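Here is the structure we will look at, set down as structure tokens.
So basically every Cβ, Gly included, is an ideal-geometry build from the backbone, and we count neighbours across all protein chains shown. Each answer follows from the model by the rule given with it, or from the source it names; these are not laboratory values.
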Amino acid sequence: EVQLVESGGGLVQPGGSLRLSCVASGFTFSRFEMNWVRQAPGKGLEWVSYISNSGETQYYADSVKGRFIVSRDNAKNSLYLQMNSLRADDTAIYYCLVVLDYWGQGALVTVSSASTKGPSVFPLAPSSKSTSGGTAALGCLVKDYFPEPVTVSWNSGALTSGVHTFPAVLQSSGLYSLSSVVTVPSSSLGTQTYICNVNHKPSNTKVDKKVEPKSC
Amino acid sequence: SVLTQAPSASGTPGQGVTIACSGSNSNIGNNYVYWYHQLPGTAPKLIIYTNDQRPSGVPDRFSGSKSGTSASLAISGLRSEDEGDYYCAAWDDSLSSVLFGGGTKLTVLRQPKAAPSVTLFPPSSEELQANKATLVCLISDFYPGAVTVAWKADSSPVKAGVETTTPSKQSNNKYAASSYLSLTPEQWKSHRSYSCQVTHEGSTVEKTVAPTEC
């Protein structure tokens, strides 16, 4: 069977650089062009570079031109990717491909200067007009923490109905943010206290944030 | 030049579906189209190569075709193992690059379709006093679990500063998603309005907030 084994990924700092390797087996490596393709967390597929069977011809994505160098050692049946001046937009799983036919399992490259950082918690206040009759949405914005994970609860676990906590986004800063929302009776906004409980164990931080109606 | 795919394709067990890929002469018009199937968490697998060829192991329920500047992947007899994301790709001569379509999520329908509701929060007074501003667009109660989100400042699209999560299941077995627009306090106060637009199947729903209102 065709096998492509990537290595050399990991955490690196922005402006830094990294060397992916992909070792081939089960086919005549030197007969075939190779490609690198990458996939940012949550996103689609983005081609990075092409290299001909002999190695004498290369092509690069415009996003990467002047910064990455693809190469190969047909004696060692290895494909390489020299990624220079790494920036947050480069964070992705990187796949090696033979032609466009078979993909390695991928190597994660994380481009961040983030150190451990607890979140800032901001209230998502319910709109004052949907506070008379019916239901209202309120929440907490859990901003700019690193690394994963955080946990969010409401009223120390007493409020679970109508709750949805979203997965986090990874921002161009290398820090994560997420939100948690709960739908409650409008009539309760006067009488019931709503507190989101945020726990970020990697920084030994807990935050309780009271979410109150806004004065319009 | 970009390859364009619809976000979502769906059918009940046993139905057929067609996934379109639309391009232009620099790419699909003159070059070979490839199709891939991906389960999130694992690498893509080849489904169609060179417009219409199937690799060993791909069932003949999958077939590819190309005409003019468009390509299509047909899937008959939909089964659970077909669900996942499908991507088309082609070389583009003007860019000297392999382009990928944006991905089509294929869903085998298990429950009725459901249109999203959208809640849009303006930046909190707390955050603004921290010299930051985030608009929070929360999208709920939809099925199948694929949407497109776009943002507008007043009436013009804004692409910078946007982050959107992949939909995941709510407690009521429908999907939710979130999108964020990061602004400076200056931009938020200087525009008349901001909107998040959510496209699901053949509807777009748009919610708007203004800095001068509740």
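A compact table of results
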| read-out | value |
| --- | --- |
| Filter result (within 11 Å of chain A (Cβ to nearest Cβ) and in a strand (DSSP E or B)) within the stretch B:1-36 | B:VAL33, B:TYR34, B:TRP35, B:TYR36 |
| Test: A:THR131 is among the polar types (S, T, N, Q), within 12 Å of another protein chain (Cβ to nearest Cβ) and crowded, with 17+ Cβ neighbours inside 10 Å | yes |
| Filtered residue count, the stretch B:160-197, keeping only those that are among the β-branched types (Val, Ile, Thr) and in contact with a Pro (Cβ under 8 Å, 6 or more places away or on another chain) | 2 |
| Leading residue by the ranking (nearest to the chain's Cα centre (by Cα)) among those in the stretch A:183-216 that are among the charged types (D, E, K, R) and farther than 16 Å from A:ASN155 by Cβ | A:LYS201 |
| Residue match in the stretch A:135-142 (condition: of a type in the set (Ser, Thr, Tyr) and either surrounded by fewer than 18 Cβ atoms within 10 Å (Cβ to Cβ) or more than 20 Å from A:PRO119 (Cβ to Cβ) (or both)) | yes |
| Candidate set from the stretch B:165-204 (those that are over 27 Å from B:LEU128 (Cα atoms) and more than 14 Å from chain A (Cβ to nearest Cβ)); member that is surrounded by the fewest Cβ atoms within 10 Å (Cβ to Cβ) | B:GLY202 |
| Some residue of the stretch B:89-96 being touching a residue at least 12 places away in the same chain (Cβ under 8 Å), over 22 Å from B:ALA6 (Cβ atoms) and aliphatic (A, V, I, L, M) | yes |
| Hey, A:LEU100 farther than 20 Å from B:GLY103 by Cα, in contact with a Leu (Cβ under 8 Å, 6 or more places away or on another chain) and either among the β-branched types (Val, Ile, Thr) or not assigned by TED's automatic domain parsing to the domain that holds A:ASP144 (or both) or not | no |
| Strands (runs of 3 or more DSSP E) completely within the stretch A:134-216 that count 2 or more residues being charged (D, E, K, R) | A:135-145, A:205-210 |
| Candidate set from the stretch A:70-79 (those that are assigned to a strand (DSSP E or B) and in contact with a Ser or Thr (Cβ under 8 Å, 6 or more places away or on another chain)); member that is nearest to the other protein chains (Cβ to nearest Cβ) | A:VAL70 |
| Enumerated strands (runs of 3 or more DSSP E) restricted to the stretch B:47-159, each holding at least 3 residues that are more than 21 Å from the chain's Cα centre (by Cα) and of a type outside the set (D, E, K, R) | B:62-67 |
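For (1) farther than 26 Å from B:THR199 by Cα; (2) hydrophobic (A, V, I, L, M, F, W, C); (3) free of Cβ contacts under 8 Å to residues at least 24 places away in the same chain; (4) in the same structural domain as B:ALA146 (by TED's automatic domain parsing), each residue gets a yes or a no:
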{"site": "B:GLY16", "(1), (2), (3), (4)": "no, no, no, no"}
{"site": "B:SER22", "(1), (2), (3), (4)": "no, no, no, no"}
{"site": "B:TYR34", "(1), (2), (3), (4)": "yes, no, no, no"}
{"site": "B:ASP52", "(1), (2), (3), (4)": "yes, no, yes, no"}
{"site": "B:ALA74", "(1), (2), (3), (4)": "no, yes, no, no"}
